[PDB]
J.: 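Take this structure, written in structure tokens, and hold onto it; I'll ask about it next.
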Amino acid sequence: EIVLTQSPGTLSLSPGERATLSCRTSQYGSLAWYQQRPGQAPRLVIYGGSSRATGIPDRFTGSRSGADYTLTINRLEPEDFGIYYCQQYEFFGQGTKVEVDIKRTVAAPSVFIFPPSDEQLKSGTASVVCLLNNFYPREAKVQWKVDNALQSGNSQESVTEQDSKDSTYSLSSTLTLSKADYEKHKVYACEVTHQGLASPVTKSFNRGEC
Amino acid sequence: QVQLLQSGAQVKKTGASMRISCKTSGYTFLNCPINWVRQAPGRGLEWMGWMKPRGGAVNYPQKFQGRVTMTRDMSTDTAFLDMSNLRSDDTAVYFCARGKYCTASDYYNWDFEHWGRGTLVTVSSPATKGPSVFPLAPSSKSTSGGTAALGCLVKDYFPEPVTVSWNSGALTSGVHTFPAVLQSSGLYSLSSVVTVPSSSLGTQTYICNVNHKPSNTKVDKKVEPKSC
Amino acid sequence: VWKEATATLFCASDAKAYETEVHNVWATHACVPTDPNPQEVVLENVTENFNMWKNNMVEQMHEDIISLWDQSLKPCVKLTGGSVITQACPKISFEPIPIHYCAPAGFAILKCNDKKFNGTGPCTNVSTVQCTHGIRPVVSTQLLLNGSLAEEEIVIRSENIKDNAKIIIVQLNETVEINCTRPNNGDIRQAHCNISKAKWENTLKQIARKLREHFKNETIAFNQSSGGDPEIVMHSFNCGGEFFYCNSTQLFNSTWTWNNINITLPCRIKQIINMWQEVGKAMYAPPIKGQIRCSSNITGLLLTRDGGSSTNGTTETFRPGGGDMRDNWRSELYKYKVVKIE
Ligand SMILES: *[C@@H]1O[C@H](CO)[C@@H](O)[C@H](O)[C@H]1NC(C)=O
Ligand SMILES: *[C@@H]1O[C@H](CO)[C@@H](O)[C@H](O)[C@H]1NC(C)=O
Ligand SMILES: *[C@@H]1O[C@H](CO)[C@@H](O)[C@H](O)[C@H]1NC(C)=O
Ligand SMILES: *[C@@H]1O[C@H](CO)[C@@H](O)[C@H](O)[C@H]1NC(C)=O
Ligand SMILES: *[C@@H]1O[C@H](CO)[C@@H](O)[C@H](O)[C@H]1NC(C)=O
Ligand SMILES: *[C@@H]1O[C@H](CO)[C@@H](O)[C@H](O)[C@H]1NC(C)=O
Ligand SMILES: *[C@@H]1O[C@H](CO)[C@@H](O)[C@H](O)[C@H]1NC(C)=O
């Protein structure tokens with residue numbers, strides 16, 4: 001009965017900057033804004049389009065211009081990271097992701113490649129692991145190559161949160177193959193792209209030789 | 001202080017039924033509706049309906065009608081959510097929510113100031129399985145500048161979670177334990193890695209301690225350089 | 001002029017001192033006689049604001065009906081707060097009588113005379129009254145019985161029609177008779193309700209038209225209760241001191257797009273009931289022998305609109321609502337407000 005259109009999909013900013021979140025609705029109804037941090041329940045930020053909820057500081061503001069509603073977050077803090085949803089009655093917008101973290105100097109990932117263990121091969125499966133360690137900012141690209149063939153959709157990646165000591169991220173990428181398919185190829189490689197690297201970095205091994 | 005206490009996480013088989021609870025305190029339970037809002041992994045917020053503790057009156061959207069039942073226990077100030085014929089899609093965090101404005105004579109349902117912590121419900125055909133722990137061996141070519149990387153692959157387990165520690169907690173510096181990924185097989189997998197001085201590889205022992213409580217699987221795996 | 005106040009009103013009725021009937025007994029001690037010559041003063045060039053949803057008269061009436069039920073009803077077993085009490089449960093004489101609420105000295109009751117009044121905001125035709133009209137404290141769900149009719153056309157009343165969590169109070173402009181009977185001598189708890197099918201359906205067609213004013217060019221559907229206590233899923237009411245629970249599915253099963261037989265509702269006389277006056281459970285003795293029969297006028301209904309989206313769109317679903325007895329008092333007290341003459 002009410003479609004709420006949120007824009008943009010993602011906002012990538014630094015602390016102290018201003019975040020402008022948009023919500024479009026052509027329908028009547030008191031509009032609310034929610035902040036949802038990872039692994040947490042949503043928190044009411046704005047209600048009635050422009051009023052601040054309990055404990056919400058003055059740097060968060062809500063405004064309306066006809067069908068266009070805006071949530072502005074001034075002087076961004078790392079704790080403002082999360083997904084923001086708008087709402088009218090029982091209907092929610094699809095959300096806008098706000099990416100903000102603790103700033104540090106650009107750090108290129110240290111890349112490591114791990115062949116499948118002899119133990120895993122005996123069980124009939126082969127997992128090849130590529131580690132992108134201690135990098136900053138978050139944005140990193142991994143490309144798998146098996147005898148120069150670009151692997152598309154058969155790998156899964158996982159990323160850690162900012163490191164307990166140095167505020168960096170680490171990423172692991174796992175390429176899954178059967179033992180039969182693994183034994184049919186020689187060169188296993190992972191190409192890494194990051195702003196800390198002037199040119200992409202490739203780490204590789206040839207199956208059987210070490 | 002208004003409080004919404006939700007029941008523990010649940011792991012369900014496809015086609016099963018579930019019952020989640022929300023125990024309220026800090027206000028007169030009778031006064032306003034309880035709402036249920038779900039969130040599928042990596043997806044938005046979806047209202048499942050409201051229930052009024054006064055008479056147990058309900059309101060469900062068409063999509064949830066015939067499959068969702070919202071009830072309450074007035075003696076314990078508890079709201080319940082029942083769901084039948086669970087599908088894989090029903091995997092979500094289920095939240096109970098209450099409006100900001102609530103008096104003995106008036107309320108506004110929709111401004112959700114009060115939320116429970118959420119109840120994770122995982123719906124799947126796979127059964128409880130302990131993980132296989134494989135080493136991520138430190139190599140000669142896979143080493144630089146005095147530091148070497150090593151780790152362990154904690155593969156093919158169900159359900160979540162698994163915890164990983166190194167050398168019974170004695171090793172913390174340089175440890176990275178990655179969030180688990182759900183494989184196309186329906187089983188979970190994760191890796192934990194550590195960077196150590198390459199000079200210590202022949203004098204220091206590296207053991208990853210893996211614990212999968214739902215299957216009672218505890219493994220201490222020694223990770224060492226591959227003998228060539 | 002005058003200021004909106006919360007004064008302690010007094011009550012008046014035509015209660016009979018010889019009657020053993022429960023409402024008559026309560027009113028003989030709590031009320032004064034009805035004014036033989038009541039004076040109504042129509043006010044010229046006066047616009048006053050009324051709000052049926054924030055009316056303190058509703059709260060006072062609610063308190064009076066709770067006390068009436070508490071001192072009158074005789075349950076075998078009562079469960080409140082985890083504790084149970086057993087007592088003698090003889091049958092009683094139960095039939096609501098009209099009760100008038102009156103303003104004391106220094107106070108007046110303002111009456112809204114706007115025939116199309118929606119329940120909130122301004123009203124141009126206002127009059128000062130000493131007492132309200134006679135209100136029957138009818139405890140029923142889904143259907144409002146033996147109340148007052150809308151003077152012109154059907155009136156739909158909601159604090160906010162666009163908010164599905166807000167109750168919709170419908171006031172009919174023509175009565176629809178509901179004949180209820182527990183036949184003389186089989187199943188002592190089996191009962192039924194008869195309603196003219198053609199009268200009810202034409203009423204539903206006109207309710208759909210009034211609802212469509214807030215939901216332009218949309219299909220209006222009436223569906224059965226989505227759930228809750230038996231008191232709210234079914235049309236519940238009193239008849240000869242017995243608690244009747246009627247399956248209302250047949251009354252709410254129609255779709256209305258932009259375009260003499262009876263409906264027989266299956267009923268049951270229940271002994272285990274969820275109390276409306278307070279949180280608890282009450283148990284009554286089995287029903288009395290002979291024919292238990294009463295005829296009532298449906299003068300309104302309580303509806304809840306379905307929330308969320310629909311697969312097809314262009315259709316709004318309405319289901320019988322309830323839960324709060326304050327809405328039954330509100331359906332009659334909507335046109336009044338208490339004001340201080342000072
Ligand atoms: C309302 O009517 C529709 C068909 O018009 C039906 O599918 C639905 O079950 C009814 N309401 C419920 C959920 O009982
Ligand atoms: C009732 O009518 C008045 C006067 O036209 C208007 O101000 C008010 O908003 C209406 N109430 C509702 C609930 O729409
Ligand atoms: C009011 O009653 C008349 C009959 O006296 C009827 O024609 C009219 O349609 C009623 N109003 C509504 C909206 O049902
Ligand atoms: C509901 O109405 C339909 C007409 O669309 C009718 O076929 C059916 O018998 C009704 N169900 C009941 C209440 O028996
Ligand atoms: C409808 O019910 C009334 C009693 O409430 C009865 O007099 C009448 O004959 C019934 N109509 C039919 C067709 O049976
Ligand atoms: C039942 O309906 C008929 C009309 O069909 C009406 O005359 C009669 O008075 C109603 N029953 C009672 C007990 O009043
Ligand atoms: C409606 O009024 C009639 C006549 O006073 C009475 O017999 C009937 O029981 C009343 N209905 C209810 C539910 O009080």
Side-chain angles (χ1 to χ4, degrees), chain A residues 28-29, chain C residues 14 16 19 21-24 47-54 65 68-69 92-99 112 114-125 134-163 166-182 191 193 199-215 220 235-246 256 267 269 291-301 325 328 330 332 334-335:
Chain A
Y28 164 82
Chain C
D14 297 303
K16 291 126 197 289
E19 268 289 345
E21 193 285 317
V22 175
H23 295 79
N24 280 267
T47 299
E48 277 290 284
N49 291 340
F50 292 81
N51 188 339
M52 67 180 282
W53 315 98
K54 285 171 179 69
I65 306 143
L68 195 153
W69 276 60
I92 61 156
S93 173
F94 197 96
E95 195 181 56
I97 67 156
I99 302 300
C112 167
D114 275 30
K115 290 155 173 69
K116 248 149 166 69
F117 180 65
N118 67 24
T120 69
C123 171
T124 55
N125 191 17
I135 302 156
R136 286 174 192 187
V138 184
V139 174
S140 71
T141 60
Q142 312 195 348
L143 307 166
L144 295 162
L145 311 165
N146 293 352
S148 67
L149 290 170
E151 280 178 359
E152 280 192 291
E153 290 181 301
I154 292 175
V155 188
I156 303 298
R157 298 157 198 280
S158 176
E159 197 172 9
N160 196 326
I161 199 79
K162 260 71 181 70
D163 182 344
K166 299 267 187 216
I167 199 68
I168 298 155
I169 301 168
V170 183
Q171 191 188 27
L172 306 184
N173 82 327
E174 282 185 87
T175 52
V176 184
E177 201 174 35
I178 184 163
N179 239 284
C180 314
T181 57
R182 194 294 303 269
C193 292
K199 183 82 194 171
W200 182 256
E201 286 226 310
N202 283 315
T203 295
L204 240 39
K205 191 183 100 286
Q206 293 307 121
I207 295 165
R209 282 235 295 170
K210 287 290 167 169
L211 286 168
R212 222 185 312 267
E213 285 178 18
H214 301 278
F215 303 98
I220 305 296
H235 162 50
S236 201
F237 61 96
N238 299 97
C239 171
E242 302 295 333
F243 297 93
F244 282 72
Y245 289 76
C246 312
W256 305 90
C267 317
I269 295 173
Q291 196 192 77
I292 304 159
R293 172 183 225 146
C294 55
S295 198
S296 305
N297 287 313
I298 300 167
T299 59
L301 43 156
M325 285 304 303
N328 285 48
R330 203 177 308 287
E332 288 299 310
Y334 76 92
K335 60 174 82 191

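Whatever order the structure lists ligands and atoms in, that order sets their numbers, starting from 1. In the text below, chain A, chain B and the rest are named by the order of the sequence lines, each starting its count at 1. Hydrogens, waters and symmetry mates play no part in the numbers below; they use all other heavy atoms, side chains included.
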J.: On the 0 to 90° scale, with breaks at 30° and 60°, tag the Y334(C)-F117(C) ring pair as parallel, tilted or perpendicular.
T.: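 Because their plane-to-plane angle is under 30°, the rings of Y334(C) and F117(C) count as parallel.
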
J.: Measure the spacing between OG of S296(C) and CZ of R136(C) and express it to the nearest 0.5 Å.
T.: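 Here the rounded value is 9.5 Å.
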
J.: So, regarding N118(C) and ligand 2 (criterion: nitrogen or oxygen to nitrogen or oxygen, under 3.5 Å), is there a contact or not?
T.: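 So ligand 2 has an N or O lying under 3.5 Å from an N or O of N118(C).
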
J.: Given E152(C), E174(C), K210(C), which has its nearest heavy atom closest to atom 5 (O) of ligand 3?
T.: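 The option holding the nearest heavy atom is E174(C).
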
J.: Of the protein's non-hydrogen atoms, which lies at the shortest distance from atom 14 (O) of ligand 3, and what is that distance?
T.: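 Going atom by atom, the protein heavy atom closest to atom 14 (O) of ligand 3 ends up being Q206(C) CB, 3.2 Å.
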
J.: Going by distance only, is there an N or O of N173(C) that falls short of 3.5 Å from an N or O of ligand 3?
T.: yes

J.: Taking all non-hydrogen atoms of both residues into account, name the closest pair between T299(C) and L145(C) and its distance.
T.: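 Result for this residue pair: OG1-C, 4.2 Å.
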
J.: Within the structure, is a non-hydrogen atom of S295(C) found at a distance of less than 4.0 Å from ligand 7?
T.: yes

J.: What is the nearest protein non-hydrogen atom to atom 13 (C) of ligand 3, stated with its residue, atom name and distance?
T.: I154(C) N, 3.4 Å

J.: Under 3.5 Å between some N or O of ligand 2 and some N or O of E159(C)?
T.: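 No: no nitrogen or oxygen of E159(C) is under 3.5 Å from one in ligand 2.
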
J.: If you measure from each heavy atom of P96(C) to ligand 7, is any distance below 4.0 Å?
T.: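 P96(C) counts as a contact of ligand 7 under the 4.0 Å cut-off.
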
J.: For the pair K199(C) and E177(C), evaluate salt bridge (charged side-chain N to carboxylate O under 4.0 Å, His left out) and give the outcome as yes or no after the intermediate values.
T.: CA-CA 9 Å; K199(C) 183 82 194 171; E177(C) 201 174 35; over 6 Å; no

J.: Below 4.0 angstrom from a heavy atom of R136(C), which ligand 7 atoms are there? Numbered from 1 as shown, please.
T.: 2 (O), 5 (O)

J.: Please identify which atoms of ligand 7 are closer than 4.0 Å to at least one heavy atom of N238(C).
T.: 13 (C)

J.: Is there a protein heavy atom at a distance of less than 4.0 Å from atom 11 (N) of ligand 2?
T.: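 Answer yes: something from the protein, a heavy atom, is under 4.0 Å.
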
J.: Find all atoms of ligand 7 within a distance of less than 4.0 Å from any non-hydrogen atom belonging to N146(C), and give their numbers and elements.
T.: 1 (C), 2 (O), 3 (C), 8 (C), 10 (C), 11 (N), 12 (C), 14 (O)

J.: Would the distance check show the side chain of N328(C) and the main-chain N or O of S140(C) forming a donor-acceptor pair, the cut-off being under 3.5 Å?
T.: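 Pair found, side chain donor or acceptor close to backbone of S140(C).
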
